[PDB]
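Please read the structure below before turning to the comments.
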Amino acid sequence: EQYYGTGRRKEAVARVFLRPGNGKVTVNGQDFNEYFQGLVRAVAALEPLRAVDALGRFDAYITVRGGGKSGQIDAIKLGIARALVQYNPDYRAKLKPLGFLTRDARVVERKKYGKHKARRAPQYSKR
Amino acid sequence: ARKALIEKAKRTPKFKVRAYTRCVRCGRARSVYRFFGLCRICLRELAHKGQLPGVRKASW
Amino acid sequence: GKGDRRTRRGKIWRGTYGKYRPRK
Amino acid sequence: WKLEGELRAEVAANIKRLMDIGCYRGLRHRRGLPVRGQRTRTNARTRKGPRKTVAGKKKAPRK
Amino acid sequence: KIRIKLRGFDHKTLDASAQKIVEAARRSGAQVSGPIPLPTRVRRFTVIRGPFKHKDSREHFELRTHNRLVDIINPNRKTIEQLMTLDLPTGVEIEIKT
Amino acid sequence: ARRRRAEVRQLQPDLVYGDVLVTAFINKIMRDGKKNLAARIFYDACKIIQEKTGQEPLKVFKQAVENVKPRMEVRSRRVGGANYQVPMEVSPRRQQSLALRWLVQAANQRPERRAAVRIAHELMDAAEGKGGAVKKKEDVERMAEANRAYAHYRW
Amino acid sequence: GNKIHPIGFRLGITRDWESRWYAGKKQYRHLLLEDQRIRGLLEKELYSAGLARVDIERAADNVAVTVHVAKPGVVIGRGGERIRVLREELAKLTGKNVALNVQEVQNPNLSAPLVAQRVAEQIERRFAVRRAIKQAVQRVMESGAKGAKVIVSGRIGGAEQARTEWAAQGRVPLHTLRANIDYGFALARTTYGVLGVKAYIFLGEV
Amino acid sequence: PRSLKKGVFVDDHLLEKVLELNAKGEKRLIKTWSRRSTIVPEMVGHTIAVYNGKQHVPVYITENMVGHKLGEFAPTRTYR
RNA sequence: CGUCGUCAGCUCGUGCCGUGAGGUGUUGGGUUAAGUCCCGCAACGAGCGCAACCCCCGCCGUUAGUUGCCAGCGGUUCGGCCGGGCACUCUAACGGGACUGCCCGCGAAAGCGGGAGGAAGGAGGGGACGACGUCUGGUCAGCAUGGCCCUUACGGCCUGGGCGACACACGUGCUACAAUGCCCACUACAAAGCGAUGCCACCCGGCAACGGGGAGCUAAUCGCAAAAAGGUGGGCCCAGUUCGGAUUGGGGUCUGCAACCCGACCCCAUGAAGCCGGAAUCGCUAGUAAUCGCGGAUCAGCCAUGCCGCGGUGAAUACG
Ligand SMILES: [Zn+2]
């Protein structure tokens with residue numbers, strides 16, 4: 001009837017809803033190719049599908065809010081990866097070795113004082 | 001921070017643009033926070049004692 | 001660039017609005 | 001619009017004026033220093049011309 | 001429909017406080033909307049550590065304010081009885097608008 | 001790197017050829033992390049290699065890298081006074097880094113106003129064995145083997 | 001010149017504030033300046049009583065104030081006549097209308113502020129600094145405490161060269177964020193100059 | 001590209017003191033610390049002496065220099 | 001408060017060695033980010049420091065739902081707008097989870113390598129946190145304080161000027177020299193913050209700064225706010241240019257008693273140097289550098305291109 005998987009990346013949340021069907025994707029309304037209009041990376045998000053020969057077998061409604069269309073592309077990629085497991089829990093065996101079921105914990109680094117950008121340290125002359 | 005120069009409390013700005021914060025504890029006019037009436041120093045001194053209600057040490 | 005006060009960026013950089021970066 | 005020569009004539013005419021009257025702004029023109037109240041301790045080359053280096057004082061961290 | 005809004009500095013002086021308000025009125029009115037959290041507003045004070053120079057000393061101080069809501073629809077006298085005068089915390093301060 | 005032997009960051013394959021080496025090259029084109037414009041340029045270029053060249057872009061590319069990889073390079077070294085330039089092999093790893101870097105560099109050294117083209121044309125020239133990229137490569141080997149006397153400082 | 005205030009450092013845990021009351025924006029600065037006015041007099045007066053802390057709770061025009069002392073008597077007064085003078089001198093400062101409780105200090109020998117003042121005083125009377133210090137650490141260490149330490153500033157004995165005296169026993173982990181170390185500082189005006197006094201007392205842990 | 005808006009400012013120390021002299025014609029000198037004031041026609045012909053912040057310099061106010069502000073005719077700093 | 005230095009050290013107690021200063025312990029072998037741990041040993045333990053206990057970010061669950069969504073149903077001015085519903089995102093409080101715990105390999109042990117599960121590991125990523133001491137380090141100008149000095153004044157009030165001067169020298173930066181770019185238009189994703197005379201919706205007058213009018217907000221429910229880079233379409237066509245905006249002339253807004261000295265902003269004109277920088281020299285090992293915009297404190301206004309902080313996109317390289 002329906003399947004779920006969230007998915008978060010670099011501060012992005014993607015609600016992934018798979019549903020046996022054609023293979024289209026409605027990201028926040030616009031078509032998959034409409035929200036990510038011209039982003040050589042987009043293709044990534046659906047990689048967990050091709051992982052187990054899905055896509056042209058499923059369908060996906062997706063809500064995405066937070067971060068940037070790049071982070072969303074990874075949240076969504078994780079969503080489609082999780083949801084694809086509630087469906088058949090047997091997918092892990094091949095879906096995980098790729099690492100799709102991991103939550104990239106790489107986040108912006110705090111901006112420490114004394115320094116220009118958390119690390120970028122100010123420069124000196126005839127020290 | 002001479003008593004003499006703490007005429008700031010005098011209101012009587014003649015014109016309200018001559019008004020100026022001043023520390024409500026040391027007179028440290030130079031970097032007085034509003035929310036406290038205290039200068040960057042005293043604010044730090046008191047925060048260490050605990051006399052600044054719900055003013056813990058930040059970190060993240 | 002960010003420096004031309006009479007362009008989009010020049011206005012954005014200077015955090016202002018005018019004939020070159022109207023409110024909308 | 002007032003263009004070309006006739007314009008340069010005006011502008012030149014203006015400057016000449018605030019320059020004839022004790023106008024400080026006019027003196028800044030004579031002295032050749034920036035008029036719109038900028039710093040003249042450093043950065044005024046666009047108005048001064050090329051640096052005119054002189055002898056100086058070393059050991060006194062002028063860094 | 002009595003909307004309560006609780007704010008405090010201690011995230012316990014509230015969960016304690018606002019929780020009393022829940023168990024109390026849960027015997028004289030509706031059933032309460034449960035104490036709903038609500039984002040916290042933090043105030044940062046970045047100060048130079050010592051006096052005179054040392055621009056890169058610093059040390060951070062924040063004054064985080066917490067909020068709680070609750071919401072009791074179906075006000076029924078006894079509700080305003082179990083609540084009206086039976087609070088306890090000192091580091092709290094309420095505002096209610098039924 | 002005093003402690004470990006810093007392992008190589010493994011890159012996610014291409015979003016079209018699924019070739020890691022490509023991502024690498026695209027990363028060398030990128031600047032200010034504007035990885036989209038970077039990816040575009042390399043693909044537009046691949047389509048410029050399709051038109052003006054009846055060959056598959058991917059193979060033209062790899063061919064290029066190949067001719068641009070130096071197999072010997074000179075590394076300075078202090079040996080009794082003077083700093084003799086010792087000639088020596090080049091790691092497989094370093095060969096790539098240099099090849100790709102050199103390509104992008106020579107590519108941005110070309111005249112054609114369009115970024116995507118300079119890459120397109122540079123790659124091709126490289127394949128044929130000509131172009132600023134292969135120059136540097138052959139210049140390097142020349143440098144070594146011309147200092148092959150101090151090669152007994154093997155390093 | 002390193003190390004943070006052991007209290008301010010632990011405020012989140014093993015140590016509560018001296019003023020616990022909500023407020024904000026338009027009030028906070030006014031409602032705080034007051035607290036200082038309060039503490040101001042209490043310390044200026046209740047000296048001989050042995051001040052140690054001045055908790056100040058609030059809710060609305062009905063302040064708290066719970067002065068902590070070693071000699072609760074000196075505070076109260078005869079039958080309670082002084083707690084009348086002060087408690088009144090109080091509202092002549094804050095129309096607010098406020099209470100004035102008084103708790104007794106269970107062994108002023110575990111009150112960093114006290115141990116400090118204790119030493120600060122001796123030093124003012126011209127006692128041998130190092131001795132006074134060792135003694136103090138002993139008293140504190142000799143009546144409970146899993147650790148203690150005292151530090152006197154400089155110009156020890158009026159010496160032309162400012163020095164710095166020590167003394168310490170048992171664990172006194174300033175680094176362990178959970179120790180529960182009472183910190184106390186005492187000044188010490190003198191013919192030759194000011195000399196700060198620091199008292200550190202360690203109790204339990206968790 | 002100067003600008004005040006609507007209400008050309010002029011301290012009335014010298015103002016109501018300059019026009020009072022307009023009744024008997026003119027006068028022979030003035031002296032105000034109000035270098036902050038704009039110059040109005042009524043000042044023309046007159047001779048107001050402005051303050052350096054140290055001296056009172058005699059400034060003959062002519063038409064050509066109306067809109068300006070007195071101080072612009074009493075130099076502050078001393079150079080070369 | 002800075003600093004060596006977050007460096008892996010500095011010591012004590014008792015014992016033992018030495019006429020003594022002192023030594024042993026703290027050295028040796030293995031290991032570690034670490035005086036970390038293991039084995040050894042006339043040493044046995046301990047204190048300060050390391051680590052841990054605290055905060056932010058990674059995954060899961062409970063409680064709570066005016067944040068949230070047809071997930072799921074009916075309606076629609078089809079705006080999650082309406083009813084409704086807490087599932088989900090989220091909000092904030094608590095609980096779980098990682099410990100070389102399990103599997104194979106070497107080892108005496110600590111542990112090293114490898115593998116499974118897992119969101120995650122072998123200190124998972126970033127903070128707070130700085131030992132005994134050193135520099136006669138920094139600050140009597142924040143405050144405190146010994147001593148010396150001044151008291152019609154080395155005090156106090158005021159107006160004005162100065163701290164903003166310049167032939168020059170240096171440091172830290174901003175903007176840039178352009179096509180991986182600049183301009184115009186259209187269109188899309190963020191976080192953390194701040195708001196009472198304060199944020200300012202929307203409407204009107206103005207090219208505009210801004211003015212007039214005026215709704216809501218007491219602020220997860222209103223406002224600042226537009227994110228910018230980006231995607232789509234057009235223009236420019238390699239030129240000191242539709243690069244670059246200094247400088248200067250004019251008009252004007254706004255704050256403020258007051259913007260000459262000496263404010264910021266808007267519009268017209270002007271349109272400089274600069275075509276990538278000598279010797280020499282600085283930063284950063286990953287979500288880092290690089291690049292893009294957003295907020296805040298101070299604050300009437302503002303010389304912010306500074307400082308503290310936020311998220312977006314996102315590398316190269318490390319033999320040694
Ligand atoms: Zn102060």
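Scheme for the structure tokens: letters A, B, ... for chains in order shown; per-chain residue numbers from 1; ligand numbers from 1 in order shown.
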**Report entry** 9 Å contact set for residue 1 (chain I), only C-alpha atoms (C1' of nucleotides), chain neighbours under 2 positions out, as a PyMOL selection string
**Finding:** (chain E and resi 49-54+57) or (chain G and resi 1-2) or (chain I and resi 138-139)
Taking only C-alpha atoms (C1' of nucleotides) and all ligand atoms into account, which residues have an atom no farther than 10 Å from ligand 1? I'd like them as a PDB file with N, CA, C and O atoms (P, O5', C5', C4', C3', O3' and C1' of nucleotides), in the first residue's frame.
ATOM      1  N   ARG B  22      27.110  53.774  30.332  1.00  0.00           N
ATOM      2  CA  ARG B  22      27.919  53.707  31.567  1.00  0.00           C
ATOM      3  C   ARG B  22      27.644  52.447  32.381  1.00  0.00           C
ATOM      4  O   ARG B  22      26.500  51.990  32.478  1.00  0.00           O
ATOM      5  N   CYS B  23      28.691  51.890  32.979  1.00  0.00           N
ATOM      6  CA  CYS B  23      28.518  50.682  33.767  1.00  0.00           C
ATOM      7  C   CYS B  23      27.815  51.020  35.055  1.00  0.00           C
ATOM      8  O   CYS B  23      28.107  52.031  35.695  1.00  0.00           O
ATOM      9  N   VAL B  24      26.879  50.159  35.430  1.00  0.00           N
ATOM     10  CA  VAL B  24      26.109  50.361  36.641  1.00  0.00           C
ATOM     11  C   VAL B  24      26.818  49.683  37.805  1.00  0.00           C
ATOM     12  O   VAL B  24      26.183  49.194  38.735  1.00  0.00           O
ATOM     13  N   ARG B  25      28.145  49.659  37.749  1.00  0.00           N
ATOM     14  CA  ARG B  25      28.928  49.032  38.805  1.00  0.00           C
ATOM     15  C   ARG B  25      30.369  49.496  38.874  1.00  0.00           C
ATOM     16  O   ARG B  25      30.959  49.507  39.955  1.00  0.00           O
ATOM     17  N   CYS B  26      30.942  49.854  37.725  1.00  0.00           N
ATOM     18  CA  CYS B  26      32.328  50.330  37.675  1.00  0.00           C
ATOM     19  C   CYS B  26      32.429  51.608  36.859  1.00  0.00           C
ATOM     20  O   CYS B  26      33.449  52.296  36.897  1.00  0.00           O
ATOM     21  N   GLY B  27      31.360  51.914  36.125  1.00  0.00           N
ATOM     22  CA  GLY B  27      31.325  53.111  35.302  1.00  0.00           C
ATOM     23  C   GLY B  27      31.955  52.890  33.943  1.00  0.00           C
ATOM     24  O   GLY B  27      32.010  53.798  33.112  1.00  0.00           O
ATOM     25  N   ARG B  28      32.428  51.670  33.722  1.00  0.00           N
ATOM     26  CA  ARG B  28      33.068  51.314  32.470  1.00  0.00           C
ATOM     27  C   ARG B  28      32.188  51.646  31.273  1.00  0.00           C
ATOM     28  O   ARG B  28      31.493  50.787  30.735  1.00  0.00           O
ATOM     29  N   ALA B  29      32.233  52.905  30.859  1.00  0.00           N
ATOM     30  CA  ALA B  29      31.462  53.397  29.723  1.00  0.00           C
ATOM     31  C   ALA B  29      31.739  52.662  28.404  1.00  0.00           C
ATOM     32  O   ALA B  29      30.838  52.461  27.591  1.00  0.00           O
ATOM     33  N   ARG B  30      32.990  52.253  28.222  1.00  0.00           N
ATOM     34  CA  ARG B  30      33.466  51.613  27.004  1.00  0.00           C
ATOM     35  C   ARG B  30      32.834  50.388  26.385  1.00  0.00           C
ATOM     36  O   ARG B  30      32.932  50.233  25.172  1.00  0.00           O
ATOM     37  N   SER B  31      32.234  49.490  27.151  1.00  0.00           N
ATOM     38  CA  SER B  31      31.641  48.327  26.487  1.00  0.00           C
ATOM     39  C   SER B  31      30.521  47.743  27.305  1.00  0.00           C
ATOM     40  O   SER B  31      30.474  46.535  27.559  1.00  0.00           O
ATOM     41  N   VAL B  32      29.613  48.632  27.695  1.00  0.00           N
ATOM     42  CA  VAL B  32      28.446  48.319  28.514  1.00  0.00           C
ATOM     43  C   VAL B  32      27.323  47.632  27.763  1.00  0.00           C
ATOM     44  O   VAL B  32      26.810  48.165  26.783  1.00  0.00           O
ATOM     45  N   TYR B  33      26.933  46.453  28.229  1.00  0.00           N
ATOM     46  CA  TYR B  33      25.837  45.733  27.601  1.00  0.00           C
ATOM     47  C   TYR B  33      24.540  46.344  28.128  1.00  0.00           C
ATOM     48  O   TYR B  33      24.499  46.802  29.265  1.00  0.00           O
ATOM     49  N   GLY B  37      23.255  46.411  32.028  1.00  0.00           N
ATOM     50  CA  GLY B  37      23.658  47.674  32.628  1.00  0.00           C
ATOM     51  C   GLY B  37      25.121  47.561  33.025  1.00  0.00           C
ATOM     52  O   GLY B  37      25.755  48.524  33.467  1.00  0.00           O
ATOM     53  N   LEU B  38      25.656  46.356  32.844  1.00  0.00           N
ATOM     54  CA  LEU B  38      27.036  46.038  33.170  1.00  0.00           C
ATOM     55  C   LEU B  38      27.960  46.060  31.954  1.00  0.00           C
ATOM     56  O   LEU B  38      27.510  45.857  30.828  1.00  0.00           O
ATOM     57  N   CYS B  39      29.252  46.295  32.202  1.00  0.00           N
ATOM     58  CA  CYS B  39      30.287  46.323  31.159  1.00  0.00           C
ATOM     59  C   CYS B  39      30.796  44.898  30.945  1.00  0.00           C
ATOM     60  O   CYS B  39      30.622  44.037  31.810  1.00  0.00           O
ATOM     61  N   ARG B  40      31.447  44.666  29.806  1.00  0.00           N
ATOM     62  CA  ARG B  40      31.968  43.340  29.451  1.00  0.00           C
ATOM     63  C   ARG B  40      32.715  42.630  30.582  1.00  0.00           C
ATOM     64  O   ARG B  40      32.687  41.397  30.675  1.00  0.00           O
ATOM     65  N   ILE B  41      33.378  43.402  31.441  1.00  0.00           N
ATOM     66  CA  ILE B  41      34.122  42.816  32.553  1.00  0.00           C
ATOM     67  C   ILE B  41      33.211  42.303  33.680  1.00  0.00           C
ATOM     68  O   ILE B  41      33.173  41.098  33.979  1.00  0.00           O
ATOM     69  N   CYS B  42      32.491  43.238  34.302  1.00  0.00           N
ATOM     70  CA  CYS B  42      31.582  42.927  35.391  1.00  0.00           C
ATOM     71  C   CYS B  42      30.626  41.818  34.980  1.00  0.00           C
ATOM     72  O   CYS B  42      30.370  40.893  35.750  1.00  0.00           O
ATOM     73  N   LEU B  43      30.107  41.905  33.759  1.00  0.00           N
ATOM     74  CA  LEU B  43      29.224  40.862  33.235  1.00  0.00           C
ATOM     75  C   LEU B  43      29.920  39.501  33.402  1.00  0.00           C
ATOM     76  O   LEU B  43      29.315  38.533  33.867  1.00  0.00           O
ATOM     77  N   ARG B  44      31.199  39.446  33.040  1.00  0.00           N
ATOM     78  CA  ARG B  44      31.981  38.214  33.143  1.00  0.00           C
ATOM     79  C   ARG B  44      32.255  37.840  34.600  1.00  0.00           C
ATOM     80  O   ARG B  44      32.193  36.665  34.957  1.00  0.00           O
ATOM     81  N   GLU B  45      32.555  38.834  35.436  1.00  0.00           N
ATOM     82  CA  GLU B  45      32.835  38.585  36.853  1.00  0.00           C
ATOM     83  C   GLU B  45      31.626  37.963  37.527  1.00  0.00           C
ATOM     84  O   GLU B  45      31.729  36.907  38.152  1.00  0.00           O
ATOM     85  N   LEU B  46      30.477  38.619  37.383  1.00  0.00           N
ATOM     86  CA  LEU B  46      29.233  38.137  37.974  1.00  0.00           C
ATOM     87  C   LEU B  46      28.748  36.812  37.403  1.00  0.00           C
ATOM     88  O   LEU B  46      28.217  35.979  38.125  1.00  0.00           O
TER      89      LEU B  46
ATOM     90  P     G I 142      42.050  50.242  32.344  1.00  0.00           P
ATOM     91  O5'   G I 142      40.763  50.591  33.216  1.00  0.00           O
ATOM     92  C5'   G I 142      39.686  51.387  32.688  1.00  0.00           C
ATOM     93  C4'   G I 142      38.395  51.037  33.382  1.00  0.00           C
ATOM     94  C3'   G I 142      38.444  51.133  34.896  1.00  0.00           C
ATOM     95  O3'   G I 142      38.201  52.466  35.345  1.00  0.00           O
ATOM     96  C1'   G I 142      37.484  49.061  34.257  1.00  0.00           C
ATOM     97  P     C I 143      38.810  52.951  36.754  1.00  0.00           P
ATOM     98  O5'   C I 143      38.270  51.851  37.771  1.00  0.00           O
ATOM     99  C5'   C I 143      36.855  51.685  37.960  1.00  0.00           C
ATOM    100  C4'   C I 143      36.563  50.497  38.842  1.00  0.00           C
ATOM    101  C3'   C I 143      37.370  50.407  40.120  1.00  0.00           C
ATOM    102  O3'   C I 143      36.891  51.270  41.132  1.00  0.00           O
ATOM    103  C1'   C I 143      37.304  48.284  39.083  1.00  0.00           C
TER     104        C I 143
END
Closest-contact table, chain E side, partner chain B, 6 Å, counting only C-alpha atoms, as a Markdown table:
| residue | atom | partner | partner_atom | distance |
| --- | --- | --- | --- | --- |
| E:9 | CA | B:54 | CA | 5.5 |
| E:47 | CA | B:40 | CA | 5.8 |
| E:60 | CA | B:58 | CA | 4.9 |
| E:61 | CA | B:57 | CA | 4.5 |
| E:62 | CA | B:58 | CA | 5.1 |
| E:63 | CA | B:55 | CA | 4.7 |
Each residue of chain A with at least one atom at most 12 Å from chain D should appear once, together with its nearest atom pair and the corresponding distance in Å (one decimal); atoms considered: only C-alpha atoms; ordering: chain, then increasing residue number; output as a tab-separated table.
residue	atom	partner	partner_atom	distance
A:124	CA	D:63	CA	10.8
A:125	CA	D:63	CA	8.6
A:126	CA	D:63	CA	8.1
A:127	CA	D:63	CA	10.2
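Interface residues of chain A facing chain I, defined by any atom at most 7 Å away and using only C-alpha atoms (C1' of nucleotides), are residues 37, 38, 66, 67, 68, 69, 102, 103, 105, 106, 107, 108, 109, 110, 111, 113, 119, 120, 121, 123, 124 and 125 of chain A.
Note that the spacing between CA of residue 14 (chain G) and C1' of residue 53 (chain I) amounts to 11.1 Å.
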